[PDB]
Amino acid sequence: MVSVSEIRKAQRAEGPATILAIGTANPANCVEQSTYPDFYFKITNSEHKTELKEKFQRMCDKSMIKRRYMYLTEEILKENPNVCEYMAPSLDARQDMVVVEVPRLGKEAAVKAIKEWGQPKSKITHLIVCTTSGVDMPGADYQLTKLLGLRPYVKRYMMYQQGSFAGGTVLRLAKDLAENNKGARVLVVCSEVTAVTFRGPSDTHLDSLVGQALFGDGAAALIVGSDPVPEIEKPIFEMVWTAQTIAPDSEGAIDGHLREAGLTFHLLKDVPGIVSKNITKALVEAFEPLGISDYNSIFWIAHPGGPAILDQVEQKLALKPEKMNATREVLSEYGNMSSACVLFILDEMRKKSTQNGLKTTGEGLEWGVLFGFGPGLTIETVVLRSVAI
């Protein structure tokens, strides 16, 4: 009787998964980067560790971040001395913060993205929620469902404790959800709060110190779907091919452990050099099949782990300086927001290109690449195409 192949032909979408809307949010508290070392040493009761402040000064001076947005305020840190210490039991206080903040911030971003899209929220068929800050049951995907008033049957993908490469990983997942299901509209939400990682300075874990110079909060939300309705929905970027890989020789480059003292990050190798050394290989796996080899001829999105990863990739490939502008603007204005970062980048780029009358949303170029970098050393690759105007 019932035929599965008829069911399967009727059930699937036909074209490429497309980004149809993008919206972001950050916590109100703006933290200036120039005065941060003072603030950070005072609030962590470390003024006396004079030599360690000099090193953080330099790290912030070199970060290429102007400001960061943070849920943690001095009023909040005053109330929490165990979080200002380098290693004290604090996971219950940090979880109370981030199980609420993560979905609140996520909701902000998602309302934005849904207004842009224009279409009834009841048409949202799937939800991906991604965060590296805290875990809970029901997850932030269930909170976000309630907060936004999504249908209770929305199909949910909760991606918890992912790491900084996961803006790449949510795209890679939405691609297949959108593409395999006719009519599917996926609401994608990356929301990262560093309240779980903030800790005091320690002269014997400089790698934790580097983290403290760079990470910032932010959420980004996307509407993803295949076969857009022309002149009703508005394609921004199309996803064409994706990959995930683990660099050779990179065991321990980036690890993070959730413990009683919260999420402690540990940098045990040369991340800038490991990305730069393996990005060519990623490029040729993505573009060799498209016949493209000039990497200045595609538009770029690269998670800005730190400025050094960017310079060292730019140097290695001979990218023109201009290739990393969008990526650097996002790093300057918001710091490293982990998984959300690459999505703020995509907004930046598409906004600048439209604002400035370029021919496509990918800086006037046809084909583009987004890279996610994080624990494992993992590299996520998504190949994009822009959309005219």
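Residue numbers run from 1 along the displayed sequence.
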Residue stretch of maximal mean CA temperature factor, 117 to 125 vs 80 to 88: 80 to 88
Higher avg CA temperature factor (318 to 326 vs 50 to 58, as deposited) belongs to 50 to 58
Of the residues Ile232, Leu173, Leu222, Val98, the one carrying the largest Cα B-factor as recorded: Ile232
Out of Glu192, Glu238, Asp136, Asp249, residue topping the C-alpha B-factor column of the entry: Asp249
Thinking about Cα B factors across the chain, which third does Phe165 belong to? lowest
Within this chain's modelled residues, let me know which third the CA B factor of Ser293 belongs to: lowest, middle or highest. highest
Assert third(CA B-factor, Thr73) within chain per record equals highest
Check where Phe299 lands among this chain's C-alpha B-factors and tell me if it's the lowest, middle or highest third. lowest
Is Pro27 in the lowest, middle or highest third of its chain when residues are ranked by C-alpha B-factor? middle
